[PDB]
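Engineer: Here you go, one structure.
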Amino acid sequence: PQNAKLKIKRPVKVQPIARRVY
């Protein structure tokens with residue numbers, strides 16, 4: 001999809017949502 005798994009690193013933006021455990 002859009003760079004590394006889903007949308008920018010894993011789920012949305014750096015790991016899951018905004019720095020891993022969002």
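Going by the structure tokens order, chains are called A, B, ..., each with residues numbered from 1, while ligands are numbered from 1 in the order shown.
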Counting only C-alpha atoms, what is within 12 Å of residue 20 of chain A, bar same-chain residues fewer than 3 positions away, as a PyMOL selection string?
Structural biologist: chain A and resi 8-17
Engineer: List every residue of chain A that DSSP, applied to the backbone, labels as strand (DSSP E or B), and write the result as a list in words.
Structural biologist: residues 2, 5, 7 and 10 of chain A
Engineer: Which parts of chain A does DSSP call helix (DSSP H, G or I) when run on the backbone here, written out as number ranges by chain?
Structural biologist: A: 14-18
Engineer: Keeping N, CA, C and O atoms for every residue in the selection just given, could you write it to a file as a short mmCIF file (atom, residue, chain, number, x, y, z; two decimals), in the first residue's frame?
Structural biologist:
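Everything below was put into out-v3.cif:
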data_model
loop_
_atom_site.label_atom_id
_atom_site.label_comp_id
_atom_site.auth_asym_id
_atom_site.auth_seq_id
_atom_site.Cartn_x
_atom_site.Cartn_y
_atom_site.Cartn_z
N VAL A 14 4.00 5.64 11.59
CA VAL A 14 5.14 5.31 12.53
C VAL A 14 4.64 4.15 13.47
O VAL A 14 4.19 4.45 14.58
N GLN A 15 4.68 2.87 13.03
CA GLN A 15 4.14 1.70 13.80
C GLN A 15 2.58 1.49 13.63
O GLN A 15 2.09 1.84 12.56
N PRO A 16 1.74 1.11 14.67
CA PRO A 16 0.32 1.58 14.77
C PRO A 16 0.16 3.12 15.07
O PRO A 16 1.15 3.85 14.95
N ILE A 17 -1.08 3.65 15.34
CA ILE A 17 -1.52 5.01 14.88
C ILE A 17 -0.68 6.07 15.70
O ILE A 17 -0.96 6.27 16.88
N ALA A 18 0.31 6.72 15.03
CA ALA A 18 1.13 7.85 15.57
C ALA A 18 2.18 7.40 16.65
O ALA A 18 2.06 7.81 17.81
#
